[PDB]
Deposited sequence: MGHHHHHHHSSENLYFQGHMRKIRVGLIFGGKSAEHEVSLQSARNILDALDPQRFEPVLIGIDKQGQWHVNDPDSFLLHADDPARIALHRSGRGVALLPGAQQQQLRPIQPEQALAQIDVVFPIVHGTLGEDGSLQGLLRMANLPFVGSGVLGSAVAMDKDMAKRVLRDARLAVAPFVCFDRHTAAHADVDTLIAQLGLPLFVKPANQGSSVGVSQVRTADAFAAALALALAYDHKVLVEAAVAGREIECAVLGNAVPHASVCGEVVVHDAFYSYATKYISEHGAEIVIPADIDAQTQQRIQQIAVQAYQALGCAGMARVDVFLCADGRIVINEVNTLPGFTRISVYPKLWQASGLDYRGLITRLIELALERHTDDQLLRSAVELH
């Protein structure tokens, strides 16, 4: 009757420590009448470590020093297994009933981890393989949103075979200045450049291509940055909106008309890309007042200071409640899958 929640967290990414803090916060909130936690952390080298709740972190109360305890207690997965799918290299691991994956980095976010969980017949929180993969490839994601008649910033995408052919003059005739250059898989922070003159382009394009084989060159979007949390599978619900001041203000200072249409666009975007469980949708609200999709993020932060849970808190859904609902959604999808 308690159900066992396998928290998988950490990962090879710059957001590793944010994942560590999400895990702790989630662990502290997990409804102890419904759920028991099993903790599997992933190293900055990609190695998996089973840990006790009481000792999964080093320097937990020091944000400059917080690290995973690399217990060396390894995990094996039995593809196709229907019970004890996750097994200790070496004696026994509690049966996991649902996985709540919060692994930032390429593999944890792009559908690879989701595929592994599917192979092991484990229910899990968040978007499936397709929704994760599409959302993470910003090129594919913009193309799908564009097809759904949602507004995205004008953009061109280069691979290395085609990046050597890039003409700044033509790109700036089409997209303007400044240009935003970023790798297609990742590209919030890492490998990103705001190019202000055509001279700076060649370097931005080269830096982006060190992080991915595909690079986006995007027009600027002038407008207010608004963020909206979505939750659900087939009938998603949208939270109150928050405004980024440059630092988030909840609820945003916008009309009810305007919050409602942002909420509507957030749900439509989430449906188009095939998201499930949760996502944060970031938009620009222009002068204007056209609404343009900036990003759909299928792995939001789950720390107590993160935007996604704060948006739900401001909509009257408490953290504990939010975690419980995400786990319910994961089980609902899983069971529905089981009849197909």
Practice problem: Residue ranges with no C-alpha coordinates, please: along the deposited sequence, counted from 1, in order. | Solution: 1-20, 111-112, 269-285, 380-386
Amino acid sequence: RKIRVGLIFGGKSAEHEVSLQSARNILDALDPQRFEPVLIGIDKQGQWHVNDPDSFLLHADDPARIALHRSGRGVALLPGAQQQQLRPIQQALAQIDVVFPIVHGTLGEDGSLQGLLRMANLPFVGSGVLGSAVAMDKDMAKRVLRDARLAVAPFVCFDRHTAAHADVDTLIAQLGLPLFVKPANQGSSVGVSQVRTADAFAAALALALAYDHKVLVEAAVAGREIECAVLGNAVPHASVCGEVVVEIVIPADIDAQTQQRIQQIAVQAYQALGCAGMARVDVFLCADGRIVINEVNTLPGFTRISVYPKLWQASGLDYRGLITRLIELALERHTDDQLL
From here on, numbers count along this sequence of modelled residues.
Exercise. Quick one: say whether 131-139 or 191-199 has the higher mean Cα B-factor in the deposited entry.
Key: 191-199
Practice problem: Name the higher of the two by mean Cα B-factor in the PDB entry, 267-275 versus 40-48. | Solution: 40-48
Quiz item: Looking at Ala229, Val249, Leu107, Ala148, which has the highest Cα B-factor in the entry?
Solution: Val249
Exercise. Tell me, please, which of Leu311, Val292, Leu299, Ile305 has the highest C-alpha B factor according to the deposited entry?
Key: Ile305
Quiz item: Among the chain's modelled residues, which third holds the C-alpha B-factor of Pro183?
Solution: lowest
Quiz item: Which third of the chain holds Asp97 when residues are ordered by C-alpha B factor: lowest, middle or highest?
Solution: lowest
Quiz item: By its CA B factor, does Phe124 count among the lowest, middle or highest third of the modelled residues in the chain?
Solution: lowest
Self-check item: Cα B factor band for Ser71 (lowest, middle or highest third within the chain)
Solution: middle
Quiz item: When the modelled residues of the chain are sorted by Cα temperature factor, does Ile262 land in the lowest, middle or highest third?
Solution: middle
